[PDB]
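As structure tokens, one chain now follows by itself in the form deposited in one PDB entry.
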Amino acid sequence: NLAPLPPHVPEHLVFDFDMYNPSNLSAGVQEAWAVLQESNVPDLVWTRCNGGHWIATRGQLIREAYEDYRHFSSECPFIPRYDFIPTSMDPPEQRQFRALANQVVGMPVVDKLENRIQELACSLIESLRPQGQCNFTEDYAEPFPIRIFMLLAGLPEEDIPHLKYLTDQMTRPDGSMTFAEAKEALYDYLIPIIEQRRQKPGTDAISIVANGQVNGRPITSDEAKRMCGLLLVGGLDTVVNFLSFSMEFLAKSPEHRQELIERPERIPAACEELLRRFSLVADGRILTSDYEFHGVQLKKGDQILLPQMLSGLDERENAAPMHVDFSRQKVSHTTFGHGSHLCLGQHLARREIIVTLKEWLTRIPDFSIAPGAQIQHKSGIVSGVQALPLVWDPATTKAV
């Protein structure tokens, strides 16, 4: 339950927050985490839950620790104490792999994919529209990012069910496979494809990764499968759950929907403000050595949770942080991270979000939560929404 308190940790800093089941959960997950920002709570606290670990609670500390990779290492980035690249790597060896992955998901690739993204969104929406109802999480959000990966990687549609099953087992195991079995089966899938695309390449993400250079020499197969694996999984649960938080807010607030219906030009700014208010990731780092940080003695090997979610919710970074305002003049957040591991998919994610909102608001402008339905959130490394039953009158919609 509560791991015993290490000798170096003073008791006045103890705040037993459980990141997998925070106590205010039913009130909404972002609200449950923001208890860590109440005035009686120090900037840096120790929890005894989950093996015992630090938590930085304020934007200033979160950013600084992500900048200081010499003390705060990525060798162990999850609480509690997996071989994807470049997750576990600190600079300077991380730079090269990062440069390569950037070629496959960087801005020019995204600008090129933009209308394929739009057509996929339009066909999913068109199929739901006449029904007058859906579970948004299951019916739109889940099928969407996986299909964008198949486009990017030039993989055939028929492989989706099996691939989706494997990535589902890594994050929501049904018991059929351990984490390691699901990973190996994913590697079983990618290896022949990588091998073939070394010999005969295309312009897709797997071809580009497979023919890349590391340390002046060819990328190996081990390295290429471990990067392709991260490119797959990094863009699934984050996009599924983020779209859900956003659609939940818009379903509950007719006045914000209306604003975007009337001024669709505001949608890119609205996306940015939604990313701040409904931020959802909480990664960590491990201490490389003894280190005093903002008056607190940290010990070598200590783990520290640095919740990306909390920077944009900090009232010291944004005034009235729980209020959604699409006209904010300075939206400040670390929703996609900060420092050397800043999300490589951030440009693709923004386009997936913007396109989704533009297409949904055009075709189904008026929607609500299903009557009687109560929306359940879940908390962890990637917080999320269990399910999102939506309802609308089909007569108020339009086929395009």
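Residue indices: 1-based, along the sequence shown. Here the rigid core means the biggest group of C-alpha atoms that line up within 1.5 Å when the two forms are laid on top of each other.
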{"property": "Continuity check for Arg81 and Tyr82, given as deposited residues lacking coordinates between them", "result": "4 to 9"}
{"property": "Greater mean Cα temperature factor according to the PDB record, 371-379 or 55-63", "result": "371-379"}
{"property": "Average Cα temperature factor in the PDB entry - higher stretch of 212-220, 257-265", "result": "212-220"}
{"property": "Candidate residues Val104, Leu306, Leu243, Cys271, the one whose C-alpha B factor the record puts highest", "result": "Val104"}
{"property": "Top Cα B factor in the deposited entry, candidates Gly312, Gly234, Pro143, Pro91", "result": "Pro91"}
{"property": "Position of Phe97 among the chain's modelled residues by C-alpha B-factor, lowest, middle or highest third", "result": "highest"}
{"property": "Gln133 CA temperature factor, ranked by third within the chain", "result": "middle"}
{"property": "Chain-wide C-alpha B factor ranking for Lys112, given as lowest, middle or highest third", "result": "highest"}
{"property": "Third of the chain, ranked by Cα B-factor, where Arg48 sits", "result": "middle"}
{"property": "Chain-relative CA temperature factor third for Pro365", "result": "highest"}
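Quick note: we don't show the form deposited in another entry, though the next part is all about it.
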{"item": "Sole member of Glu262, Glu75, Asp174, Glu255 with a C-alpha shift of at least 2 Å between the shown form and the other one (core-superposed)", "value": "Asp174"}
{"item": "CA of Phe326, rigid core aligned, shift of 2 Å or more between the shown form and the other one", "value": "no"}
{"item": "Core-aligned C-alpha movement of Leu298 between the shown form and the other one, 2 Å or more", "value": "no"}
{"item": "Rigid-core frame, C-alpha of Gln196, shift of 2 angstroms or more between the shown form and the other one", "value": "yes"}
